[PDB]
Amino acid sequence: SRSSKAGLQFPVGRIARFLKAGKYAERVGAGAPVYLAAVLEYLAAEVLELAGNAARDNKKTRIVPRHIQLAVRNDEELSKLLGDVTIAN
Amino acid sequence: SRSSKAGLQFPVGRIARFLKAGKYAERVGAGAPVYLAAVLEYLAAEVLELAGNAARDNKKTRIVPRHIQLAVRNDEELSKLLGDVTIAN
Amino acid sequence: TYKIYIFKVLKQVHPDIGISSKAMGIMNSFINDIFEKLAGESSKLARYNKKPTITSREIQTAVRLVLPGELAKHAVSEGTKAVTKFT
Amino acid sequence: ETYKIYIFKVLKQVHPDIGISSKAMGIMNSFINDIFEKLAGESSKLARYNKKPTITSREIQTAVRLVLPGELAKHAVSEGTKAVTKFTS
Amino acid sequence: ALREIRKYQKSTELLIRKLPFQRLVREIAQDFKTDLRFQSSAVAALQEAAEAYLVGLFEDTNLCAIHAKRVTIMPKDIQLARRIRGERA
Amino acid sequence: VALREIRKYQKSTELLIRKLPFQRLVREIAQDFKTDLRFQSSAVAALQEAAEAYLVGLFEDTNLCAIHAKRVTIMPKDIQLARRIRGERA
Amino acid sequence: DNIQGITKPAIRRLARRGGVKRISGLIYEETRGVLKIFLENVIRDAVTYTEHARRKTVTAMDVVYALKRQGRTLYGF
Amino acid sequence: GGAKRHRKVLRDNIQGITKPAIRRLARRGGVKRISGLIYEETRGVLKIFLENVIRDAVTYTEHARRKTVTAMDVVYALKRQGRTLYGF
Amino acid sequence: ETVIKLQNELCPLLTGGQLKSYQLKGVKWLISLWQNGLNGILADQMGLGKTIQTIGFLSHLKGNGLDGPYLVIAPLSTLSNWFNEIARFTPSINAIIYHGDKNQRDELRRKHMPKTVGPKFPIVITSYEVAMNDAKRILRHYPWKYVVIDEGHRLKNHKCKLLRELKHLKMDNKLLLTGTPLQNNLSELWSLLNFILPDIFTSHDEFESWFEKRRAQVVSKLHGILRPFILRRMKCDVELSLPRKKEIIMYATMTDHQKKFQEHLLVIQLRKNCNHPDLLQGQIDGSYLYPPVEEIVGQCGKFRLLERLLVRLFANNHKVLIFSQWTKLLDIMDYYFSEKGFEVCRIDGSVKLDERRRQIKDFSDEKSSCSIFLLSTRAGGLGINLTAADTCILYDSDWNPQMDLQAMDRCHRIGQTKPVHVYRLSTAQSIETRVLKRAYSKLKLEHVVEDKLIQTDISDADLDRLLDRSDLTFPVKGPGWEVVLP
DNA sequence: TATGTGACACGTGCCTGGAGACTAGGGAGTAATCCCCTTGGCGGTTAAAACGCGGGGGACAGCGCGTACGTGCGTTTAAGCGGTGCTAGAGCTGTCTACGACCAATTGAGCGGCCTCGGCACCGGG
DNA sequence: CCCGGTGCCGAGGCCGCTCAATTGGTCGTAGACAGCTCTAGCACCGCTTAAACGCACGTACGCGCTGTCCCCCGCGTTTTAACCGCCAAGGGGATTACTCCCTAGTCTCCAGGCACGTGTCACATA
Ligand SMILES: Nc1ncnc2c1ncn2[C@@H]1O[C@H](COP(=O)(O)OP(=O)(O)O)[C@@H](O)[C@H]1O
Ligand code: BEF
């Protein structure tokens, strides 16, 4: 698959299907899904990294929705991206 | 013409062309341009009515950009829609 | 551009009042801004409803969403009358 | 229809012992979907403004630079460049 | 007291009761349209969003009162907060 | 004298900030993001108009905050409070 | 009297969570009015979205879309 | 005086915003009395705002593969930031 | 003999130095043009200035018939000299310099300029800026009969605001005084011909369409058209008392620092590295301290050849004139002179008109020891008379060759017994060669209406031979130096 | 203290998408031109910025107090967890029929350009 | 406050040129509409128990100012930079023709994870 060839865990084919099914444009380049999968993988890795550190500080082995809220608020870059984001818990 | 049948001063054919050229959707209905031109006609007539009254208070026949800026601040509904804008001069 | 149409609708509401050239360009840019906002909202509303064809129902909903409460009630009344007159 | 397996994989990669719950998994999936939708919409608007039917990697890169603030944008464009280079090679 | 502040900040439960908020939501919705039904998830989301907005407004008015050298908040503080925010309608 | 000067600047619309220092500042700021950049005159004019409008709005909010604090003279803490309440603290 | 359903201890606890130490009397009525305005706006938007799809009942997706267009993103609903 | 040492260098570009300019800008808003640190505070705020808008405009210009920044890019950046300009 | 007789018959108000034969022809042509009513342009060279002929014609017009107000427009550094000359040569004639602040101009108009037409109306001599500013306010009321515009190169562009201001004013007759008649193009020539003759030339497309054997026919056709309008009198053609002029372009090799900067490194930066890069690099770095003059002359720029020419001029015992396009290079030269100890006097835009007049008076004075006199290309490069200095050197060469020729011929005036020497500095293997080639093409166009030599460097024997000016009272191509022939 | 519980790792039949290859044609990268506009600086004046002063409006520190808000207890009203029962209404599917798009001609609409004019300038005073 | 003509300068009106709207006509794919399918939201009686309310109070606090004293404002100098005027070039905006390869789909193929029952075990209750 293209995911194993590009060294990315996220599915490149699934994102490519969503871009075409979403009808965002007439044609979609081959370099768009592989480029978009890397950005989504890095952002998801940084969120889970800061959220995992908050769980270790609270002596919690499992990440709870409360830990995700503390991670996006303590980080200035993640707070500006989400803006006014209210977690369920 | 089609614009004369509905009684709208704005061109219904030019709006239909912009919707198709702008590729907002695959197919554009027949009632969409006639409906969209009526909304644009009322909003244009509403701003010119308030801007005309502002020019009448200053005893100026010609409407200047300063008069248009004073009209959007007075009306609440016009300011709710046009609050983020900044009129030059 | 809609310069001749802005001038025509101005004479209907105010025959004696005149408009400057810069004010005409601003009114033209204001109409183009409202046209893009209503067209963009109708396109996003079509994708959410999974409807490829846009109609007067989607434009009416986009008007009630963008325009404020008092301003939308007057726009929908004129929009409905234009459709019945056209059909 | 969800990125649950990939989120769990990247979490185990960044934190082996930490295990994410179901609610936090759903929240992360919703966040990833929101980021993807924002990036796709920005790329579509950029392609439509320039009258370009095809969405290339440059559109995604510009959308990432515009949406992501701070060092997040630079890290994301670096990751995307590395991924597209590994895919093309 | 300060102990009551740390207890509510640590907890994440919904402070506003569900039945009065649901009654208020239904009464408000009865004005815009008639004979409408509501899903429990929609009411829960409305309650969560309203609670988050009220917490933000309370933080803002507390900051404004601290700026005025007063520990007790006043309605003028909320008025100034809504005026600076721009949400005044 | 102070009240009459408010009525003059509010009635007449003009570019208060000079064009050349603002243009030099814009070029200096843009030099950090990218080198060998060139600016159009209309772009600099729009930048100056937007900056002046934003500064006027910030000054209005600061004056409201100062009036709320029972003080006629504005202070940097008022500007900081306005920036923090507006949410654009960066 | 449904607006009065939001009781005084509820507003007090909400202010305690936000960090308010002392609360006045008119704060309750002011917050009730602000909450009424906010709920009116959000419910108007959600009713619009529900009438677009020609549905009788309002779902959580419409509320989420209304909050998103109002600038507040909600996850988990 | 023959040496004429020191280029008599001009002040910083951020210092180009003069005190009377900030005074007039505050008067337009309705400020009656202005303090001393207000000038530096407005200088910093204007610098931050210009940095943000210029970064957005430079990104928009790099998207079009153009060297010169145009008014349309500034308008698009300002619209992205939440303030649209009419007449440009 | 005959020149003294016609001088009294043509103009009796002129009491002083008798006009010569070229001035006789000039005043006769001006009188015939005034009688017929056709406006003309004086294209006399830098030497043998037509200002004396023009003031003689004005005095003749004042002598008989009407005594209407006369307006004269000239650069700032020129109006003082014009007033001095009209006061020295022509007595019993009132002349005022209408240059000052707003209140000063108002009080001068109230005192010396009667609102109604008076018999004794002082001739006003205003600059370009004050005239452009006051054409609508105060000048529109006064009816001006005869106007004289010196240095017609100011009105070369068709879109000058000064042209609009002059068109706003009512002129009965116009006069243009240009050292060089045309630039290396035809648009400005058509603009000048339309400003002086509105009915003759009306559209630029017609003149462009009108302007091997085919190229020889079109130039001969355009020549016969403007011949009655333009009058040209070369210096060597009429005046034989003045010594000949020699323009030698000395080439200096690129230094090590210049080569390193060029290798590290658009056109403006290349020219900065070409001419005096020391202070430019210092200002780019931000250092407040300045390197020594010896370190500068050893490291950067053509200052080595500059000092060679300086010691050659010191041995020859003649005043030198240096011209710099940039205020940075002018300040570099002034600092070098102050460090060496020689007296320095610089005429620049920052220098006021009174200080300019004082400095040029001290330089014309023989007792002054200020052999080094600094002059700008924009200001002071045209309109001033400096006959005490025989040798002139050009550190930089501008794009337009007309300005360079004017600056080189400023010293070459009438009455300069010492032979004149023109030196040009241009580094080889740089954009200076390109700009000199552009100026050469431009001067070739204005006239039509080697590599190894530029690579080599001038030696001490060559410097001595070029300093020796016994031939004016040397091969065409020498090692490190080339002489251009008209 | 301990337990058992829903959260977490796993084969398993699958089941609906990715990739493995021919294609073919219209979007994208690229060689060349022109002249619109931009970068730099010199010249002058001229309104604008800044350095120094006196002082009077104003920010700020402290006090007695007298209005209003925090805290604790018997109590009363409503949130809520459960349970039944009906049902309008949400949601998936074959359909067949009125509605959107290209194309050939068309014929009149407004954008490109020329000319005169007349609301609004400014004049410097009383 | 109005004063005579004055001087602009964008507005009125007209003209020609022509590419944008429109009507007559086929169609094959999007949609409104009868049916049902199984699921959720409507109300309420029954117990009750944590949650809400008002009287008492007594003590931290909001408000007016009293003295101060210092940090701003306005005006006479001047002194330093904008700015309009202007010469000349040249990087780069904007456009056309071209040809090249890559992105959309159809025949197909073989493995990914999605719906579901299961063994177990880290808190989180007790
Ligand atoms: N008729 C004359 N007799 C003597 N000297 C004259 C005469 N006319 C001009 N000059 C000399 O020429 C100079 C003034 O005119 P000049 O500078 O030559 O005019 P232009 O500006 O045309 O070059 C002075 O040196 C003056 O002595
Ligand atoms: F004609 Be100018 F006085 F050199």
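This text goes with the structure placed above it.
Rules used in this analysis
Residues numbered from 1 in each chain as written, not as in the entry; some residues may be left out. Chains lettered and ligands numbered in written order. Heavy atoms only, no water. Residues with missing side-chain atoms left out of burial classes, pairs and counts. Helix = DSSP H or I, 4+ residues; strand = E, 2+ residues; numbered from the N terminus. Rg over C-alpha atoms; globule rule 2.2 N^0.38 Å. Contact = heavy atoms within 4.5 Å. Pairing = 2+ DSSP bridges. Axes fitted to C-alpha atoms, helices over the stretch in contact; angles between N-to-C directions. Salt bridge = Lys/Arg side-chain N within 4 Å of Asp/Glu carboxyl O. Nonpolar A, V, L, I, M, F, W, Y, C, P; charged D, E, K, R; others polar. Left-handed = near helix turned anticlockwise from the far one by under 90°. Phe/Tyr/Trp six-rings, centres within 6.5 Å; stacked < 30°, edge-to-face > 60°. Parallel < 35°, antiparallel > 145°, perpendicular 65-115°, else oblique.

(A) Seen up close, the overall build of chain G. When helices and strands are tallied, chain G shows 3 helices and 2 strands. Across chain G, helices and strands are ordered from the amino to the carboxyl terminus as α-α-β-α-β. Radius of gyration (C-alpha) of chain G: 15 Å, far over the 11 Å computed for a compact globule of 77 residues. Taking the principal axes of its C-alpha atoms as reference, chain G extends roughly 45 × 30 × 15 Å.

(B) Spotlight on the overall build of chain E. Secondary structure summary: chain E contains 4 helices and 1 strand in total. Each helix and strand of chain E, ordered N terminal to C terminal, gives the series α-α-β-α-α. In terms of C-alpha radius of gyration, chain E reaches 16 Å, well past the compact-globule figure of 12 Å for 89 residues. Across its three principal directions, the C-alpha atoms of chain E cover 50 × 35 × 15 Å. For chain E, long-range pairs separated by at least 24 residues make up 45% of all intrachain contacts whose partners lie at least 6 apart in sequence.

(C) Just the sheet that holds strand β7 (residues 230-231) of chain I, in detail. All names here are of chain I. On the basis of which strands lie adjacent, the open sheet formed by 7 strands has the order β3-β4-β2-β5-β6-β1-β7 and parallel pairing. Each edge of the open sheet is held by one strand with a lone partner, namely β3 (95-96) and β7. With respect to the sheet, helix α4 (residues 76-89) is in contact with β2 (70-73), β3, β4 (123-126), β5 (144-150) and β6 (171-177), its orientation differing from that of β4 by roughly 155°.

(D) Highlighting the interface of chain I and chain H. Each partner contributes residues to the interface: chain I has 8 residues there, and chain H has 6 residues. With 3 residues, helix α17 (residues 327-340) of chain I is the largest single contributor of residues to the side of chain I that touches chain H.

(E) Representation of the pattern of salt bridges within the structure. Measuring nitrogen to oxygen at the nearest pair gives 3.8 Å for the salt bridge that ties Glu70 of chain C to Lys73 of chain C. Taken together, the positions of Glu70 of chain C and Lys73 of chain C, both in helix α4 (residues 69-86) and 3 residues apart, correspond to about one turn of that helix. A salt bridge links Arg66 of chain H to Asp73 of chain H; the shortest N-O distance between them is 2.9 Å.

(F) Spatial organisation of the interface of chain H and chain F. Taken together, the contact pairs 45 residues of chain H with 51 residues of chain F. Residue assignment for the side of chain H that touches chain F shows that the elements contributing at least two residues are α1 (19-29), α2 (38-63), β1 (68-69) and α3 (71-81) of chain H. Ranked by residues supplied to the side of chain H that touches chain F, first place goes to α2 of chain H with 14 residues. Residue classes in the side of chain H that touches chain F are distributed as 23 nonpolar, 8 polar and 14 charged. Pairing geometry for strand β1 (residues 38-39) of chain F and β1 of chain H, over 2 bridges, is parallel. Each bridged residue has a counterpart across the sheet, and for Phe39 of chain F the counterpart in β1 of chain H is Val69 of chain H.

(G) Molecular detail of the packing of helix α3 (residues 31-57) of chain A against helix α4 (residues 65-74) of chain A. Residue and element names in this part refer to chain A. Running from N to C, α3 and α4 cross one another at 115°; their axes reach a closest spacing of 8 Å. Here α3 and α4 pass one another in a crossing that is right-handed. Contacts from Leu50, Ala51, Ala54 and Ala55 of α3 reach α4 at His67, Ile68 and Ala71.

(H) Layout of the packing of aromatic side chains. Taking 4.8 Å as the distance between ring centres and 15° as the angle between the ring planes, the aromatic pair formed by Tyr54 of chain F and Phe49 of chain H counts as stacked. With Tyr54 of chain F in helix α3 (residues 41-68) and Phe49 of chain H in helix α2, this residue pair bridges two chains. Relative to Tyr335 of chain I, the ring of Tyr290 of chain I has its centre 6.4 Å away and its plane inclined at 75°; by these criteria the two rings are edge-to-face. Here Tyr290 of chain I, found in the loop between α14 (277-285) and α15 (293-299), pairs with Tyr335 of chain I, found in helix α17; they are 45 residues apart in sequence, far enough to count as distant. An aromatic cluster of three or more residues is present, and its members are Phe10 of chain A together with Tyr3 and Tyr6 of chain D.

(I) Up close: the pairing of strand β8 (residues 245-252) of chain I. All names here are of chain I. Across 8 bridges, the pairing between β8 and strand β13 (residues 420-427) is parallel. Residue pairing for β13: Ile249 is matched across the bridge by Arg424. As paired strands, β8 and strand β15 (residues 481-483) are joined by 3 bridges and run antiparallel to one another. Each residue of the ladder has a partner; that of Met250, found in β15, is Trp481.

(J) Focus on the sheet that holds strand β9 (residues 320-324) of chain I. Within the open sheet, the 8 strands sit side by side as β10-β11-β9-β12-β13-β8-β15-β14 (chain I). Their pairing is mixed. Where the open sheet ends on each side, the last strands, each with one partner, are β10 (344-347) and β14 (477-478) of chain I.

(K) Expanded view of the packing of helix α2 (residues 18-32) of chain E against helix α2 (residues 26-52) of chain G. Packing of α2 of chain E against α2 of chain G leaves a shortest axis separation of 9 Å and a crossing angle of 60°. On the basis of the axis angle, α2 of chain E is oblique to α2 of chain G. As for how α2 of chain E packs across α2 of chain G, the hand of that crossing is right-handed. For the pair formed by α2 of chain E and α2 of chain G, the contact residues are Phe21, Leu24, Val25, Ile28, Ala29 and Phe32 of chain E on the first element and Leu35, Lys36, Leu39, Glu40, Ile43, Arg44 and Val47 of chain G on the second. Class assignment for the residues of the contact of α2 of chain E with α2 of chain G results in 10 nonpolar, no polar and 3 charged.

(L) Local environment of the pairing of β6 of chain I. All names here are of chain I. Note that strand β1 (residues 41-42) and β6 share 2 bridges and pair parallel. Across the sheet, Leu42 pairs through a bridge with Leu177, a residue of β6. Inspection of the sheet shows β5 paired to β6 by 6 bridges, in the parallel sense. Bridge pairing in β6 links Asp150 to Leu177.

(M) Structural view of unusual backbone geometry. Here the phi dihedral of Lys59 of chain A falls at roughly 55°; this positive angle occurs in a residue that is not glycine. Along the chain, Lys59 of chain A falls in the loop between α3 and β2 (62-63). Phi at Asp35 of chain E takes a positive value of approximately 60°, unusual for a residue other than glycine. Along the polypeptide, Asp35 of chain E turns up in the loop between α2 and β1 (37-38).

(N) Up close: the environment of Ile17 of chain C. The topology assignment puts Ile17 of chain C in the loop between α1 (3-13) and β1 (18-19). C-alpha of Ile17 of chain C to C-alpha of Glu70 of chain C: the two residues are 53 residues apart in sequence and 27 Å apart in space. The contacts of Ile17 of chain C, once residues within four sequence positions are left out, are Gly52, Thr61 and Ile63 of chain B together with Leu10 and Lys11 of chain C.

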